[PDB]
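> how does the following fold in three dimensions:
(5 chains)
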Amino acid sequence: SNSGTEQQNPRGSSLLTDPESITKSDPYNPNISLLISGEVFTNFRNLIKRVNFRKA
Amino acid sequence: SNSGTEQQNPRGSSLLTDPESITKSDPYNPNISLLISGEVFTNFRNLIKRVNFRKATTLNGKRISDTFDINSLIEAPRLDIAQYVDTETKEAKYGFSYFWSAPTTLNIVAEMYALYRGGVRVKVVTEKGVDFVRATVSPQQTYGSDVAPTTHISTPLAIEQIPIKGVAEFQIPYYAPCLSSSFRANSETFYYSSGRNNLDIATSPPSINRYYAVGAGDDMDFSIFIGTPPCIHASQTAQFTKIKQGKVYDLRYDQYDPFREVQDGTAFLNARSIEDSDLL
Amino acid sequence: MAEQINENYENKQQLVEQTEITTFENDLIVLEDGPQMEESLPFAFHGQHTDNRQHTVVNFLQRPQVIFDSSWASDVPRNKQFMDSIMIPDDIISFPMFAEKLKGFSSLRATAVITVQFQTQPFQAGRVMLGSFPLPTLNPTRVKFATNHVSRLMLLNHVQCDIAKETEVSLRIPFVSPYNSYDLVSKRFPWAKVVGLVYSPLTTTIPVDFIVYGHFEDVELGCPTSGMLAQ
Amino acid sequence: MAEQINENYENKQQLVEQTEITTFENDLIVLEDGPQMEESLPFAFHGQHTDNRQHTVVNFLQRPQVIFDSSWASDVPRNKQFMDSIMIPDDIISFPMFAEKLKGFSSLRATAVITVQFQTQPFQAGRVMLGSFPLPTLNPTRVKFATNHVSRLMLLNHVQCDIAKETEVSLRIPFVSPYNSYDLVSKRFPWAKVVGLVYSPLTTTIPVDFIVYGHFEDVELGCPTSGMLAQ
Amino acid sequence: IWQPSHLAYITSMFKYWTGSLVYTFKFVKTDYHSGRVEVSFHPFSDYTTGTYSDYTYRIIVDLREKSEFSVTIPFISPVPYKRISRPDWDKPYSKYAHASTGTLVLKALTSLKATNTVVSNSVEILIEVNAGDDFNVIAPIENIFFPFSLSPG
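Numbers count the residues shown, from 1 in each chain, chains lettered A, B, ... in the order given. Below you will find the coordinate block:
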C-alpha cells in the first residue's frame, strides 16, 4: 500500500513505478503537450540542438 | 409562411434556414465568385493570413533592442483624441489619431472574437545600413520575482540578414498554459489566462526606426463571437479642417507604414485614449 | 525495482480500508462489532418520509432557481435595462440551494440555462431582448459596448420575447472558457454576463412582471476539496 | 367523471415541463434558443479538474468525519469518561461536510458508524469501552444509570479496545426509533448517545491519544424540503 | 545562493508544467514509537481556519511498525498547465495560484507516544519529491537558473 515497513519509494523503484495514488484510483491525465504547446518534449538529446551564444 | 404568430426569424433559426422568398420560388443564384473574382472567399480563418503593417518604434533612441508584448498586436490599436491649438488665434480644434499604430487584416477579425489560439507572425522592416535582425521571446514575468532577467540562455533565437533579405520574417508560437488564451487587457491577477510574452527585435548596428507588420500564423484560431468592435470611418482620413500652422486631419496618423506618404497634418498638443467609460 | 527481502514485518495489505474518500492504513488490529444478524424493516413500515425517487448532487443543480421577480414600467425605453445584469454563474450559485451543494467541489463545467417568465394580459404590447456576453471579466474593455445597445446584443447569442406572444423564454448558454471548468473556491472566470434590454417600450401604463429562473445541465463536477482560501 | 365538452381551449398538455422538482405549466407560447449544433470537447481537453469518479449526496455521508481528537491520562479511573459523549446523529451531522449536504432533505434513516483510533507504543496498558445508549431523549430517566458504570454499559451494545492490541475500533449502530426516520429540520429523536468509559486505568504516565470518526451507511434520504422553522 | 531542486533545475528552462507528483515521507523511528499522520491533498484551496480535511482525499497511516510513506498526488487544476516559478515555501496557495495546483498537508492526528527511558522524544520527518509518470513540461522560453562550472583549487 502507500505505507509500510519496507522502503516505499527507493531510487531503483522510482525509475520504473509510481506509488499508489492518494485517490486509490488512476491519478494520470493524458499527455496533451502536442495539443496545447503544438510540440512534444521528451528528451534532452534533441533540446541541446538549440544554438545560443556562448563566448566573445 | 412568410408571416404568422410565432417568431418568423429568430437567431437560432437564421443560422440554418432562410424564410420563404417573396417570389414563393427559389431565390438563390449560383456561386460564381471563382468565375469573376478568380478566387473564393468563405472563411476569415484564411483571410487573417494576410500581413499588413501594425506599429512602428520611432520615439526611442539609437537602440539595439525593442521589447513589447505580443498579445497587444492582436488587439486593434487604441484610438486617441488629439488636442490641436492654433498657433495664431489660440482656440482648440479636436480630432482623432492613431499614435504610431494602425489595425491589420488580422485586427479586423480578432476584434469580433473573445479568445485566440495559435501563433502570431511578425515581419520587420528597418532602415538602411542595418545588417541583421534577431528575434527572441521571453516570459515578461519571472513568476514570484519582483524583476525579470535581462538575458536568457535557452530561449529561441532567429537571425535574418537584411541586405540579402530585406524583410525580417519571424513566427512566434502559442505558449500559454490554457487551451485558448485571451489577448485583451483585464484586471485579473489571481492567476492568468493570457500567455504573457515579450518579443525582442535587435538590429546590428543599432538603429532607431523599426517598422512592424503582423499577420496570422497558420495555426491561428479565434473562439467566441462577441460582436462588432467600435469603428471609425475610413473616409475620415482625408477630411481636414485648416488652421494657421497647417492642416488638422480628423483621423490623424503617423508614418507607421514605411511605404506610405507622411500626411501633412500638424502635430497635436495632448493625446488621450478613448476609455470604455467615455462612451455616451 | 529495488528488491527487498522482508521476513519480520507482514505486508499488512488488509487493515487498509478506504471509505469513499478517506483511506485508513493500520498496524496492530482492526476491530468491528455491533448487533449481529442485521435486518431491515420493509418499505411499507417506513418510507412515509421520502419520495419514490433519489436526488443526487447533479440535480439540485438541474433545479430551476428563482433569481429575479420584479417588473418594468413604460418609462424605460429601447436600449435600456429592464432587469439587473446576471453574472453566470456567480449570481446563480450564490443562492443557498446551489451553494450548499457545490461546496466540497473544486470546480464546475456545465451549460447554464436562464429561463424568464412574462406576465401579459392580451392588451399589452412590447418586445424585450435577453442576451449573454461571454467572459465579461476577461474582456472588460468590450462589455458595455456590446450591451448598451440592441443590435449589438442581438448579434451575440440572444433570445427575444414578444410580450403579447411569448409567456416563457429560455436561453441555453453552454460553458465556454480559456479553461476546463469554473473555479468554485475562488469564483474565477465567469463564462457569461446575462443582460436584459428593451427592444421596444410598453404601449400602456400597465407594467409587465417577470421571473428569472436559472439552472445547469451537462454538469461535470470537479474534485472534492475543502474550498477555503486565506485572507 | 363529470364530463366536459371543451372546444375553445386546447388541452395544452405540452408547455408542461418538469425540471427535476419544479413543474412549469404554461399558456401562450414557450420559446427556447441558443447556439445551435452543440458539441462537447473530448475529455482529454478538459477533465484535469476532476477525479475519475462521481460523488452523490449519499456518499459525503459515507465519508468518515473527525469528531474528536484528544487524549486521556492515567488520572481518570475505571467507570469515568475518557471522551465526551456523542449524540447520534446531532454531534455528527453538525459538521459542515454533512450539514451542507443534508440540507434540502426532510429526514434521514441510516445506520451510523462510529470508529475510534488509539495510539500506543507497546509499553502501555489499559482497556477502554465504547457503548451506545439508544434514544436518550425518549428515556432520559435511564440514561445516566446505564452509562455511569461499566458492566451496565457493556451489556448494552458496546465495543471494547485493549490498548496494547487494538489500534482501531468501530461500532455499528443501526437506526432505531419509534419513527421511520430522523427529522432533520427539527433535529428530533436522536437514536443513540455514544459514551466512552474506562474499563481499566493506564499503568504508565504516558497518556493515550484517540481520534473519533463518524459516518453513515444504509442511507435513505427523505423528501426535499426548505427546512426552516419559525422562532 | 539558494540552489535549485532536481525538478527545479530540469524544468528551469521551460515555462509550464503538468502531471502528478510523488511525495515521500520518511520517519526515522523505531517500532517502539507510535503516531497517526494525515496526508490530505487540498486541490484548489489553502489550509487555513475553517479548513476541514475531511472533504479531501486523505490517508490516515498508523505508524507503529510502519516507517515510510509515499503517495502519488494527482494533477487537479483548472488549467491544463501551471507555471514554473521561483519556489517559495512560506507562501500560501492563494498567492502563487498560477504556479501550484493546491496545497498538501501532513498533519498530526496524535502526539508522539514514546517511553523516554529507552527511545527519544523527537522523530525527524524527511520529505522527498518525485515527479510522477505523466509529468509533462512545455514552452521552453524561460530560464530561472544559470549554471556555472567551478575552477580547480
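
> centre-most residue in chain E?
residue E:23 (5.2 Å; Cα atoms, centre = their mean).

> list phi and psi for residue 53.
As the question left the chain open, I've gone with chain A. Taking degrees, to the nearest 10, you get phi -80, psi 140 for the backbone angles of residue A:53.

> sorry, should have said chain E
Torsion angles at residue E:53 (phi, psi; degrees, to the nearest 10) stand at phi -80, psi 0.

> so it sits right up against residue E:105, yeah?
Yes - in this structure, residue E:53 is within contact of residue E:105 by Cβ atoms under 8 Å, at 7.0 Å. For every residue, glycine as well, the C-beta is placed using N, CA and C.

> what is in contact with these two at once?
Residues touching both residue E:53 and residue E:105 comprise E:38, E:40, E:42, E:47, with contact defined as Cβ atoms under 8 Å, 6 or more residues apart in numbering or on different chains.

> how far away is residue E:109 from chain C?
11 Å (Cβ to the nearest Cβ, to the nearest Å).

> which residues touch that residue?
So residue E:109 contacts D:69, D:117, D:209, D:211, E:35, E:36, E:37, E:38, E:60 (Cβ under 8 Å, 6+ apart).

> measure it to residue E:62 for me?
10 Å (Cβ to Cβ, to the nearest Å).

> shared neighbours, the two?
By Cβ under 8 Å, 6+ apart, residue E:109 and residue E:62 have these common neighbours: D:117, E:36.

> what does chain C have sitting close to chain E?
For chain C, the contact set with chain E under Cβ under 8 Å from any Cβ of the partner chain comprises C:9, C:21-28, C:104, C:106-107, C:179-186, C:188-189, C:222-230.

> now, those that are in helices?
With DSSP state H as the criterion, helices contain none of these.

> for PyMOL, write the select line for the buried members of those.
Selecting only the buried entries of the residues of chain C next to chain E in PyMOL, with 16 or more other Cβ atoms under 10 Å in any protein chain shown as the criterion:
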select buried, chain C and resi 21+22+23+24+25+26+27+28+104+106+107+179+180+181+182+183+184+185+186+188+189+222+223+224+225+226+227+228+229
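
> how far away is the nearest residue to residue C:88 once chain neighbours are set aside from chain D?
Of all residues not flanking residue C:88 in the chain, residue C:192 sits nearest, at 4.2 Å (Cβ to Cβ, 6 or more residues apart in numbering or on different chains). Separation of residue C:192 from chain D (Cβ to the nearest Cβ) stands at 11 Å.

> so who does residue C:192 touch?
Here residue C:192 is in contact with C:87, C:88, C:112, C:132, C:133, C:134, C:135, C:136, C:173, C:176 (Cβ under 8 Å, 6+ apart).

> residue C:207 now?
C:71, C:72, C:73, C:74.

> give me the contacts around stretch C:22-38.
A:1-3, A:22, A:24, C:12, C:15-18, D:63-64, D:111, D:120, D:157-159, D:161, D:165-174, D:213, E:54, E:57-66.

> please enumerate the helices of the chain.
Looking at chain A here, since you left the chain open. A:11-14, A:33-36, A:44-47.

> chain C is the one I meant
Taking DSSP H, the helices of chain C run over residues C:90-93, C:96-102, C:143-147.

> can you put those helices in a markdown table and add mean neighbour count?
Listed next are those as a markdown table, based on neighbours: other Cβ atoms under 10 Å in any protein chain shown:
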| stretch | mean neighbour count |
| --- | --- |
| helix C:90-93 | 20 |
| helix C:96-102 | 18 |
| helix C:143-147 | 20 |
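
> just to revisit the earlier point, could you dump the helices of chain A to TSV with mean neighbour count and distance to residue E:28?
Shown next, in TSV, are the helices of chain A (neighbours: other Cβ atoms under 10 Å in any protein chain shown; distance: least, Cβ to Cβ, whole Å):
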stretch	mean neighbour count	distance to residue E:28
helix A:11-14	14	18
helix A:33-36	17	39
helix A:44-47	10	35
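
> can you put those in JSON lines and add distance to chain E?
As requested, the helices of chain A are exported to JSON lines (distance: least, Cβ to the nearest Cβ, whole Å):
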{"stretch": "helix A:11-14", "distance to chain E": "5"}
{"stretch": "helix A:33-36", "distance to chain E": "5"}
{"stretch": "helix A:44-47", "distance to chain E": "7"}
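
> any idea whether residue E:77 is helix, strand or coil?
When classified by DSSP: H, G, I helix; E, B strand; the rest coil, residue E:77 comes out as coil.

> that one and residue D:50 touch, don't they?
No - contact criterion Cβ under 8 Å: residue E:77 and residue D:50 do not qualify, at 10.9 Å.

> between the two, which one's more packed in?
A direct count of neighbours by other Cβ atoms under 10 Å in any protein chain shown for residue E:77 and residue D:50 places residue E:77 higher, at 27 against 23.

> who's in contact with that one?
D:48, D:49, E:18, E:43, E:44, E:101, E:102.

> ok, the residue nearest to residue E:74 when sequence neighbours are not counted to residue B:139 distance?
Nearest residue to residue E:74, sequence neighbours excluded (Cβ to Cβ, 6+ apart): residue A:27, at 3.8 Å. Distance from residue A:27 to residue B:139, counting by Cβ to Cβ: 29 Å.

> also residue E:65?
Residue E:65 sits 49 Å away from residue B:139, going by Cβ to Cβ.

> now residue C:218
35 Å.

> now stretch A:36-45: buried residues?
A:36, A:37, A:38, A:41.

> okay, now residue A:2: neighbour count?
Neighbours around residue A:2, by other Cβ under 10 Å: 23.

> my read is that it contacts residue A:23, right?
No - the pair residue A:2 / residue A:23 is not scored as a contact, 11.0 Å apart, by Cβ under 8 Å.

> so is the helix or strand harbouring residue E:106 next to chain D?
Per DSSP states H and E, residue E:106 falls inside strand E:103-108. No - contact check for strand E:103-108 against chain D, using Cβ under 8 Å from any Cβ: none in range, with a minimum separation of 9.2 Å.

> got the angle between the helix or strand following that strand and strand E:103-108?
Following strand E:103-108 in sequence order, the next helix or strand is strand E:125-130 (DSSP H and E). Strand E:125-130 and strand E:103-108 meet at an angle of 150 degrees, taking axes from the mean of the first three to the mean of the last three Cα atoms, to 10 degrees as the criterion.

> tell me if strand E:125-130 is near chain A.
Yes - counting by Cβ under 8 Å from any Cβ, chain A has neighbours in strand E:125-130: E:128, E:130.

> contacts for the helix or strand just after that strand?
Of the helices and strands lying after strand E:125-130 in sequence (DSSP H and E), the nearest is strand E:136-138. By Cβ under 8 Å, 6+ apart, the list of residues contacting strand E:136-138 from outside reads A:31-33, A:36-37, A:39, A:41, B:175, E:10-11, E:14-19, E:81, E:84.

> if you set the cut-off to 10 Å instead, what comes out?
A:29-34, A:36-42, B:175-177, E:7, E:10-11, E:13-19, E:75, E:80-81, E:84, E:131 (Cβ atoms under 10 Å, 6 or more residues apart in numbering or on different chains).

> so which bits of chain A are right by chain D?
Selection of chain A residues close to chain D by Cβ under 10 Å from any Cβ of the partner chain yields A:21, A:23, A:25, A:26, A:27, A:28, A:29, A:30, A:31, A:32, A:35, A:36.

> so the fourth one sits against residue A:18, correct?
Pointing back at residue A:26 there. No - here residue A:26 does not reach residue A:18: they are 11.0 Å apart, not a contact under Cβ atoms under 10 Å.

> what do the two both touch?
With Cβ under 10 Å, 6+ apart, residue A:26 and residue A:18 have common neighbours residue E:72.

> which of these two has more neighbours?
The residue with more neighbours, out of residue A:26 and residue A:18, is residue A:18; 22 against 12, by other Cβ under 10 Å.

> number of residues surrounding residue E:134?
17.

> how about the one 3 residues further on?
Counted by other Cβ under 10 Å, the residues lying close to residue E:137 total 22.

> show me what it is bridged to.
Note on residue E:137: beta-bridge partners by DSSP bridges are residue E:17.
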